[PDB]
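Okay, here we've got a single chain as structure tokens, the form deposited in one PDB entry, with questions on binding and movement later.
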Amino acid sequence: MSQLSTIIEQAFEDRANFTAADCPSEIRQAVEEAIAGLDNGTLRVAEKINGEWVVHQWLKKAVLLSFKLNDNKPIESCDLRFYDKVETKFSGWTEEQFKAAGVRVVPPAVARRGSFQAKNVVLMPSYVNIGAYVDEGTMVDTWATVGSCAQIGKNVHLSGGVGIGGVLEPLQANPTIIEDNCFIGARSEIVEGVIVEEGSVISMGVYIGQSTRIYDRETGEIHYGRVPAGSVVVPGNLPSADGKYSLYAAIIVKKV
């Protein structure tokens, strides 16, 4: 026997009749124990039983009651704790070190130690993983990611939400490379060691890994792994031979 489910079920049906202030402590204690059990994994909102996923509605009700029963409170940075084996790049950097490096680090942007950012780089809130190199004058916009070992050239614009995929393995593969003077538009993804050559304009919504067809609409040639210099690329599709569907492709629409 466990009374948690029944107590939470009853309180949720009764929820219009109490508030956070006058909540009886047994309901309050039951909600806490439900939250603690969700937190240590001894309870879970849904689980697979006899081959089928089953939802436990009373645990959803516990989550909802925990919102009802707790007021907003100040939360400080000290309440965030982490645990990892790679140091962050700027811990214990002085103001002199920051000024000498010439990089703007907009909170809450983080770079890992073992990555490099040249002078006049701006890191909006974003992530730069270990082994990456970001050259002079480059803008890394909000929630962008410069993945492990990626090489970002000079005067590059990585727009918001852009992901530059990391490459460690295989050891012989080139990392993902964005050459000088490229524009990568919002929520685009360049991964798996693809190279975008110099002076290209990649619009928003463009996904390119090693399997993406890069269709030059002027020549008809399908390229892989490399955007030729000066390409303007937008998202598109290529038709199937039967005409019943089409598949995503990156379309080179002009060469500038």
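Residue numbers here begin at 1 and follow the sequence given. Here the rigid core means the biggest group of C-alpha atoms that line up within 1.5 Å when the two forms are laid on top of each other. Shifts are known only where both forms have a C-alpha.
One more form of this protein exists, namely the form deposited in another entry; it is left out here, but the text below deals with it.
Put the two forms on the same core and the Cα of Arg217 is off by less than 2 Å between this form and the one not shown.
After superposition on the rigid core, the Cα atom of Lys85 is displaced by less than 2 Å between this form and the one not shown. Cα of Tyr83 to Cα of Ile75: at least 3 Å shorter in the other form than in the shown structure.
In the other form, the CA atoms of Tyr83 and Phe67 sit closer together than in the displayed form, by at least 3 angstroms. After superposition on the rigid core, a single segment of 3 or more consecutive residues displaced by 2 Å or more at every C-alpha between this form and the one not shown is found, at 2-77.
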